[PDB]
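Before any questions on binding or motion, here is one chain by itself as structure tokens, the form solved without the ligand.
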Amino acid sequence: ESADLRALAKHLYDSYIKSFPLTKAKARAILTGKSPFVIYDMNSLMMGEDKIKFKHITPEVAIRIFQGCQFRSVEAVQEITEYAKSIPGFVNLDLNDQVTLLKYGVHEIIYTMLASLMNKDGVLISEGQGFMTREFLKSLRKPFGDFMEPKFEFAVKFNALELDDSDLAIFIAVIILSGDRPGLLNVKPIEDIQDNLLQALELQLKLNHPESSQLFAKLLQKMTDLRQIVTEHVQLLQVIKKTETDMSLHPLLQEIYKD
């Protein structure tokens, strides 16, 4: 029923508004038209640490930036976890499956929502008070210099689809309820829910983007690009964790950012 699909869409939208403080609408306002403090080079970074109250700085710069990304990532996990619970049927799932879905889903969602905070020039940080430039991020040591660059490449393509929060809310739900995650015990109710969400996304896009032919298909294809980015991120993150990170980190901190 159309009405029920529209109902699901509104429920998801409202839940997303509650779960995610910095929405695409808000991000887009900051980027185009207070105003963000820009970090373009070394001197601006250090000044940025004075002006902005970073929560991650624990008395090299490349590591400090990376830890900042880790801090935010861990915050995002909790926002996503809360959003998941609002999705009709999620909480009724086997508890191991819930964990499994979030375990493998959060990375894809992080980069989807990061795209909201990005343009081709840089990324909003610290609740949109900051803006770290893309160029500045590129010009870091060989490990960390290629960290965020494939996220920007993804974001530029993704943002060209010009989705809104109401679209993204349904898209994110679809990602979470993916029946193909390893270790799942009961795929039936997972795919039944995703079916329902996919139907709602379809209608949402048709109503919200009537001129954009096969936006649905295009959005589904981007999910493939997300999984590609995530596999590439993870393998890079193994080098980092093993090589340079666990050398400079406190044991407890390693536990928090164990991933």
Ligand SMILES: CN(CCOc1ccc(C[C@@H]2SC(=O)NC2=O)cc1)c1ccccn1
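Under this definition, the rigid core comprises the largest set of C-alpha atoms superposing within 1.5 Å between the forms. Numbers follow the displayed sequence, beginning with 1. Only residues modelled in both forms are compared.
The form solved in complex with the ligand is left out here; the points below concern that form.
**Q** Report the residue, out of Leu184, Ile110, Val174, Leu161, that has at least one non-hydrogen atom within 4.5 angstroms of the ligand in the bound PDB entry.
**A** Of the candidates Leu184, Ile110, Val174, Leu161, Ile110 is the one lying within 4.5 Å of the ligand in the bound PDB entry.
**Q** Under a 4.5 angstroms heavy atom criterion, identify the one residue in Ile193, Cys69, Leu203, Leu215 near the ligand in the bound PDB entry.
**A** Selected residue: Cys69.
**Q** When the contact criterion is heavy atoms within 4.5 Å, does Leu253 count as touching the ligand in the bound PDB entry?
**A** Flag for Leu253 set to yes.
**Q** Closest heavy atom of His209 to the ligand in the bound PDB entry, within 4.5 Å or not?
**A** Looking in the bound PDB entry, residue contacts with the ligand do not include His209, since no heavy atom lies within 4.5 Å.
**Q** Taking the shortest heavy atom distance, is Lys222 within 4.5 Å of the ligand in the bound PDB entry?
**A** Residue-level check for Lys222: no, no contact with the ligand.
**Q** Examine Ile65 and determine whether its closest non-hydrogen atom to the ligand in the bound PDB entry is within 4.5 angstroms.
**A** Yes, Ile65 sits close enough to the ligand in the bound PDB entry that at least one of its heavy atoms falls within 4.5 Å.
**Q** Would you say all of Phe147, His233 and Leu237 touch the ligand in the bound PDB entry, counting a heavy atom within 4.5 Å as a touch?
**A** Yes, the whole trio is in contact, each within 4.5 Å by some heavy atom.
**Q** Does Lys242 count as moved between the shown form and the other one, where moved means a C-alpha shift of 2 angstroms or more after fitting the rigid core?
**A** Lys242 C-alpha, core-superposed: shift of 2 Å or more.
**Q** Using a rigid core superposition, assess whether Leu253 undergoes a CA shift of 2 Å or more between the shown form and the other one.
**A** Comparing forms between the shown form and the other one, the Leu253 CA shifts at least 2 Å.
**Q** Do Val74 and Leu252 have their C-alpha atoms closer or farther apart in the bound PDB entry than here, with the shift being 3 angstroms or more?
**A** Closer: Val74 and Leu252 approach by 3 Å or more in the bound PDB entry.
**Q** At a change of 3 Å or more, would you call the C-alpha separation of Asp246 and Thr100 in the bound PDB entry closer or farther than in the form supplied?
**A** They are farther apart; the C-alpha distance rises by 3 Å or more in the bound PDB entry.
**Q** What parts move between the shown form and the other one when you lay the two on the core: runs of 3+ residues, each CA off by 2 Å or more?
**A** Moving stretch: 238 to 259 alone.
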